[PDB]
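Novice: Just so it is clear, I am handing over model-v3.cif, which has mmCIF, N, CA and C atoms.
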data_work
#
loop_
_atom_site.group_PDB
_atom_site.id
_atom_site.type_symbol
_atom_site.label_atom_id
_atom_site.label_comp_id
_atom_site.auth_asym_id
_atom_site.auth_seq_id
_atom_site.Cartn_x
_atom_site.Cartn_y
_atom_site.Cartn_z
ATOM 1 N N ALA Z 1 90.014 92.480 25.223
ATOM 2 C CA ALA Z 1 89.323 91.202 25.494
ATOM 3 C C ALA Z 1 89.822 90.124 24.547
ATOM 4 N N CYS Z 2 89.631 88.873 24.929
ATOM 5 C CA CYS Z 2 89.999 87.758 24.078
ATOM 6 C C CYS Z 2 88.742 87.096 23.522
ATOM 7 N N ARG Z 3 88.908 86.320 22.460
ATOM 8 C CA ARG Z 3 87.788 85.653 21.814
ATOM 9 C C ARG Z 3 87.340 84.451 22.627
ATOM 10 N N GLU Z 4 86.071 84.431 22.999
ATOM 11 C CA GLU Z 4 85.534 83.342 23.792
ATOM 12 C C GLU Z 4 85.161 82.172 22.896
ATOM 13 N N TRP Z 5 84.436 81.216 23.448
ATOM 14 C CA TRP Z 5 83.942 80.089 22.672
ATOM 15 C C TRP Z 5 83.201 80.584 21.431
ATOM 16 N N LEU Z 6 83.491 79.961 20.288
ATOM 17 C CA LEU Z 6 82.913 80.354 18.999
ATOM 18 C C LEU Z 6 83.410 81.727 18.545
ATOM 19 N N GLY Z 7 84.428 82.245 19.220
ATOM 20 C CA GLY Z 7 85.053 83.480 18.795
ATOM 21 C C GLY Z 7 86.171 83.209 17.815
ATOM 22 N N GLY Z 8 86.316 84.082 16.822
ATOM 23 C CA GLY Z 8 87.280 83.868 15.752
ATOM 24 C C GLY Z 8 88.682 83.578 16.255
ATOM 25 N N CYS Z 9 89.323 82.577 15.666
ATOM 26 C CA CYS Z 9 90.653 82.168 16.100
ATOM 27 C C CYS Z 9 91.690 83.247 15.827
ATOM 28 N N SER Z 10 92.278 83.767 16.891
ATOM 29 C CA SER Z 10 93.399 84.677 16.769
ATOM 30 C C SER Z 10 94.699 83.950 17.120
ATOM 31 N N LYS Z 11 94.613 83.041 18.087
ATOM 32 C CA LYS Z 11 95.761 82.251 18.512
ATOM 33 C C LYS Z 11 95.296 80.914 19.077
ATOM 34 N N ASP Z 12 96.196 79.939 19.099
ATOM 35 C CA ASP Z 12 95.859 78.587 19.539
ATOM 36 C C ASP Z 12 96.210 78.382 21.013
ATOM 37 N N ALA Z 13 96.730 79.425 21.649
ATOM 38 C CA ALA Z 13 97.086 79.361 23.062
ATOM 39 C C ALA Z 13 95.846 79.572 23.927
ATOM 40 N N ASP Z 14 94.778 78.851 23.561
ATOM 41 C CA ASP Z 14 93.478 78.890 24.233
ATOM 42 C C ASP Z 14 92.687 80.055 23.724
ATOM 43 N N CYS Z 15 93.414 81.081 23.280
ATOM 44 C CA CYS Z 15 92.847 82.343 22.818
ATOM 45 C C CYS Z 15 92.196 83.105 23.987
ATOM 46 N N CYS Z 16 91.454 82.393 24.827
ATOM 47 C CA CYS Z 16 91.027 82.905 26.122
ATOM 48 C C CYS Z 16 91.528 81.974 27.223
ATOM 49 N N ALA Z 17 90.866 80.827 27.369
ATOM 50 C CA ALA Z 17 91.253 79.823 28.351
ATOM 51 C C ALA Z 17 90.489 78.525 28.116
ATOM 52 N N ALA Z 18 91.206 77.402 28.180
ATOM 53 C CA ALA Z 18 90.619 76.062 28.045
ATOM 54 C C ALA Z 18 90.036 75.830 26.650
ATOM 55 N N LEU Z 19 90.495 76.617 25.690
ATOM 56 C CA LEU Z 19 90.014 76.523 24.317
ATOM 57 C C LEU Z 19 91.173 76.219 23.382
ATOM 58 N N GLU Z 20 90.868 76.073 22.110
ATOM 59 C CA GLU Z 20 91.887 75.876 21.099
ATOM 60 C C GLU Z 20 91.475 76.580 19.820
ATOM 61 N N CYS Z 21 92.417 76.730 18.910
ATOM 62 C CA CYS Z 21 92.115 77.269 17.605
ATOM 63 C C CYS Z 21 91.626 76.151 16.709
ATOM 64 N N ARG Z 22 90.370 76.234 16.300
ATOM 65 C CA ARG Z 22 89.777 75.201 15.472
ATOM 66 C C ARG Z 22 90.589 74.986 14.205
ATOM 67 N N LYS Z 23 90.936 73.734 13.953
ATOM 68 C CA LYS Z 23 91.752 73.386 12.797
ATOM 69 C C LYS Z 23 90.864 72.981 11.626
ATOM 70 N N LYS Z 24 89.563 73.094 11.834
ATOM 71 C CA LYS Z 24 88.580 72.752 10.827
ATOM 72 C C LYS Z 24 87.464 73.788 10.852
ATOM 73 N N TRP Z 25 86.892 74.071 9.693
ATOM 74 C CA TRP Z 25 85.805 75.037 9.582
ATOM 75 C C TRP Z 25 84.642 74.648 10.494
ATOM 76 N N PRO Z 26 84.100 75.605 11.272
ATOM 77 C CA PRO Z 26 84.555 76.999 11.309
ATOM 78 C C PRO Z 26 85.725 77.226 12.264
ATOM 79 N N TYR Z 27 86.593 78.163 11.905
ATOM 80 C CA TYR Z 27 87.829 78.399 12.640
ATOM 81 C C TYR Z 27 87.630 79.383 13.785
ATOM 82 N N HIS Z 28 87.150 78.873 14.905
ATOM 83 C CA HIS Z 28 86.954 79.690 16.090
ATOM 84 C C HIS Z 28 87.252 78.879 17.344
ATOM 85 N N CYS Z 29 87.502 79.572 18.446
ATOM 86 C CA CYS Z 29 87.887 78.939 19.705
ATOM 87 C C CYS Z 29 86.851 77.920 20.162
ATOM 88 N N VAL Z 30 87.286 76.672 20.262
ATOM 89 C CA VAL Z 30 86.444 75.588 20.746
ATOM 90 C C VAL Z 30 87.076 74.971 21.991
ATOM 91 N N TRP Z 31 86.245 74.502 22.917
ATOM 92 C CA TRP Z 31 86.728 74.013 24.206
ATOM 93 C C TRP Z 31 87.592 72.770 24.040
ATOM 94 N N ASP Z 32 88.830 72.875 24.495
ATOM 95 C CA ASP Z 32 89.795 71.788 24.389
ATOM 96 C C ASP Z 32 89.586 70.774 25.496
ATOM 97 N N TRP Z 33 89.295 71.282 26.679
ATOM 98 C CA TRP Z 33 89.151 70.446 27.865
ATOM 99 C C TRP Z 33 87.843 69.661 27.844
ATOM 100 N N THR Z 34 86.981 69.972 26.886
ATOM 101 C CA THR Z 34 85.758 69.213 26.694
ATOM 102 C C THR Z 34 85.982 68.152 25.629
ATOM 103 N N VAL Z 35 86.995 68.397 24.797
ATOM 104 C CA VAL Z 35 87.319 67.542 23.654
ATOM 105 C C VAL Z 35 86.174 67.533 22.641
#
Show me the file's structure as structure tokens.
Specialist:
Amino acid sequence: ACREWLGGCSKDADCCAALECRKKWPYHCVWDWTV
């Protein structure tokens, strides 16, 4: 499985989908398409 929203950043390639690797604390997948 991949890390969903608020899931720990493993990669910045969405990590799951439509997300990004947070570049600021806390470092977990946040929705990119929501900005």
Novice: At a cut-off of 9 Å from (94.0, 76.3, 20.5) in the coordinates of the file, what residues are picked up using only C-alpha atoms, written as a PyMOL selection string?
Specialist: chain Z and resi 9+11-15+18-23+28-32
Novice: Report as a list in words: the residues of chain Z with a DSSP assignment of strand (DSSP E or B), based on the backbone of this structure.
Specialist: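 Those in chain Z that DSSP calls strand (DSSP E or B) are residues 8, 19, 20, 21, 28, 29, 30 and 31 of chain Z.
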Novice: Can I get the selection written as a PDB file, in the frame of the given file, with N, CA and C atoms?
Specialist:
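So the final result, stored in selection.pdb, reads:
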ATOM      1  N   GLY Z   8      86.316  84.082  16.822  1.00  0.00           N
ATOM      2  CA  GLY Z   8      87.280  83.868  15.752  1.00  0.00           C
ATOM      3  C   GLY Z   8      88.682  83.578  16.255  1.00  0.00           C
ATOM      4  N   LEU Z  19      90.495  76.617  25.690  1.00  0.00           N
ATOM      5  CA  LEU Z  19      90.014  76.523  24.317  1.00  0.00           C
ATOM      6  C   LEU Z  19      91.173  76.219  23.382  1.00  0.00           C
ATOM      7  N   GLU Z  20      90.868  76.073  22.110  1.00  0.00           N
ATOM      8  CA  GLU Z  20      91.887  75.876  21.099  1.00  0.00           C
ATOM      9  C   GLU Z  20      91.475  76.580  19.820  1.00  0.00           C
ATOM     10  N   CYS Z  21      92.417  76.730  18.910  1.00  0.00           N
ATOM     11  CA  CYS Z  21      92.115  77.269  17.605  1.00  0.00           C
ATOM     12  C   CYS Z  21      91.626  76.151  16.709  1.00  0.00           C
ATOM     13  N   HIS Z  28      87.150  78.873  14.905  1.00  0.00           N
ATOM     14  CA  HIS Z  28      86.954  79.690  16.090  1.00  0.00           C
ATOM     15  C   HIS Z  28      87.252  78.879  17.344  1.00  0.00           C
ATOM     16  N   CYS Z  29      87.502  79.572  18.446  1.00  0.00           N
ATOM     17  CA  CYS Z  29      87.887  78.939  19.705  1.00  0.00           C
ATOM     18  C   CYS Z  29      86.851  77.920  20.162  1.00  0.00           C
ATOM     19  N   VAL Z  30      87.286  76.672  20.262  1.00  0.00           N
ATOM     20  CA  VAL Z  30      86.444  75.588  20.746  1.00  0.00           C
ATOM     21  C   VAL Z  30      87.076  74.971  21.991  1.00  0.00           C
ATOM     22  N   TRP Z  31      86.245  74.502  22.917  1.00  0.00           N
ATOM     23  CA  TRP Z  31      86.728  74.013  24.206  1.00  0.00           C
ATOM     24  C   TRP Z  31      87.592  72.770  24.040  1.00  0.00           C
TER      25      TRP Z  31
END
Novice: One decimal, Å: what's the distance from CA of residue 33 in chain Z over to atom C of residue 16 in chain Z, could you say?
Specialist: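 Going from CA of residue 33 in chain Z over to atom C of residue 16 in chain Z covers 11.8 Å.
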